[PDB]
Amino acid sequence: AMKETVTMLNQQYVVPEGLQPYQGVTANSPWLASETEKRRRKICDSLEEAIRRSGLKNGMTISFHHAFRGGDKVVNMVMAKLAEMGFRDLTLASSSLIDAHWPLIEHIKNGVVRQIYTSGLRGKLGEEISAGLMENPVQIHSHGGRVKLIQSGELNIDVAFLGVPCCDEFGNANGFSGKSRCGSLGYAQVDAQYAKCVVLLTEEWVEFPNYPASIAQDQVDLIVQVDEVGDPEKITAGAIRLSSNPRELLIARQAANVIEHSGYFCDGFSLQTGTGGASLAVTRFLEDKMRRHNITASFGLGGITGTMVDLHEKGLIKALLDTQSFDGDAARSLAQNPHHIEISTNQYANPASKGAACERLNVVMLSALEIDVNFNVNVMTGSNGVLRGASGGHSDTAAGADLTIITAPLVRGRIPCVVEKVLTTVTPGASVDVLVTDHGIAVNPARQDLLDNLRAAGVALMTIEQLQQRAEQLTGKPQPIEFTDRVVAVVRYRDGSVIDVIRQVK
């Protein structure tokens, strides 16, 4: 009907290339021909069907998110199927690997996976990577560094496998209903937007439209119902209380004093606190100083904890921003409280982001496995050189925040935390402002402002060299670990550049 007039348009007018004439309502939308198909096209009756429909092939990149924490079931469940279907040479871009992912070892041995990109490696899998399980070095990235690698085209995800506790038929999902109610799906939101194919694995179906749509319908290709995506009763349990380890309460009291006299403890300040140890417990002492002064916080950032929810509920922190809820109290507050807000990892920590909330932070509390006399921080490798930790958002929040505090005891048993040179640099010292330990406080000399402020308030300080010599005094000189020349992991700084390598341990 229209064939001749399109020809003419192309010949006589300035028009867009490739104009074709109309040929029916369903020509490019065949599912519209059927009123069941257009509603139900995404449903998959089995995980195996999802994988076939997903178009996955040998050599491709696949992904997962880690909000199910230690009780994740999705990585292993999907890996097993891909192994049974005979997939080879895959790239595995889980945002993080926990020790319940030890079954990956056999998959790597059988050639199912040839490349790993991750922000965490622990348990038996870290041990095996350090012994030399793979020819290809693991690429280790910060949480925000992951997003940047994806956007840059280096890490291209072909199929995302995203576990969710509830979903509708169209793919609107969240973490507030179902069994494994994890809360924030902020890690999943990155894959939801950039993966070529997004497969949701849901525990429960929900009436369209599902609200909130943490993951939305226009992001989702395939959906399958499974039994469990995490550990329902562990994931929904409430916050564990602050530690009663008096050495950590000492560290946290000290760190609250640093904040108080830092120059940043004013009305409207923003903070990120940690999930355990002193870096969590600091909140107890801050709450007191905030009530003492007549001040409140503009926002709390991170993976939110119940203790931080608690301060929001008393009016002390005006809003919470949540890329991952760390307990079921946080998760339930994200669902119920309107200023407890879910954000993606792009809005959190990406150095290439147009808007990363971490760059608006006044204070962050970070931990450390080791810190050296250059204030360089190790969070990846144990004292024996073996991969045991997570790069995570450590270097992202440190870079972004105005004031970055490392809380670590001087010594852990026979192992010193302050050392001459850390085994692996994850977070550069140029990013670390204060070290707070149980044997004193050391300020980075690059921060003359802080030195002055803390000196003038009568906070007793030391040099990091003094803290180091004291650590060596209490633990002796530690004999170095036996490495081979073999590179086992590449530590990519958040901007994508390389900051260190991890070698194989004899």
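The numbering used is simple: start at 1 and walk along the sequence shown.
*Asks:* Look up the CA B-factors in the entry and say which stretch, 244 to 252 or 342 to 350, has the higher mean.
*Replies:* Between 342 to 350 and 244 to 252, it is 244 to 252.
*Asks:* If you average the Cα B factors in the entry, which is higher, 233 to 241 or 72 to 80?
*Replies:* Taking the mean B-factor of the alpha carbons in each, 233 to 241 is higher.
*Asks:* Could you check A173, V159, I295, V220 and tell me which one carries the biggest Cα B-factor in the deposited entry?
*Replies:* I295 has the highest C-alpha B-factor of those listed.
*Asks:* Per the entry's Cα B factor values, which of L435, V224, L286, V364 stands out as the maximum?
*Replies:* Among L435, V224, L286, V364, the highest C-alpha B-factor in the entry belongs to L286.
*Asks:* Where does the C-alpha B-factor of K477 rank in its chain, lowest, middle or highest third?
*Replies:* According to the entry, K477 has a C-alpha B-factor in the chain's highest third.
*Asks:* Would you please rank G59 by its C-alpha temperature factor against the other modelled residues of its chain and give the third it falls in: lowest, middle or highest?
*Replies:* Within its chain, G59 is a highest-third residue by C-alpha B-factor, going by the deposited values.
*Asks:* Per the entry's values, where does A457 land by CA temperature factor relative to the rest of its chain, in the lowest, middle or highest third?
*Replies:* Middle third by C-alpha B-factor.
*Asks:* Looking at the temperature factor on the CA atom of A401, which third of the chain's modelled residues does it land in?
*Replies:* Bottom third by C-alpha B-factor.
*Asks:* Split into thirds by Cα B-factor across the chain's modelled residues, where does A489 land: lowest, middle or highest?
*Replies:* Within its chain, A489 is a lowest-third residue by C-alpha B-factor, going by the deposited values.
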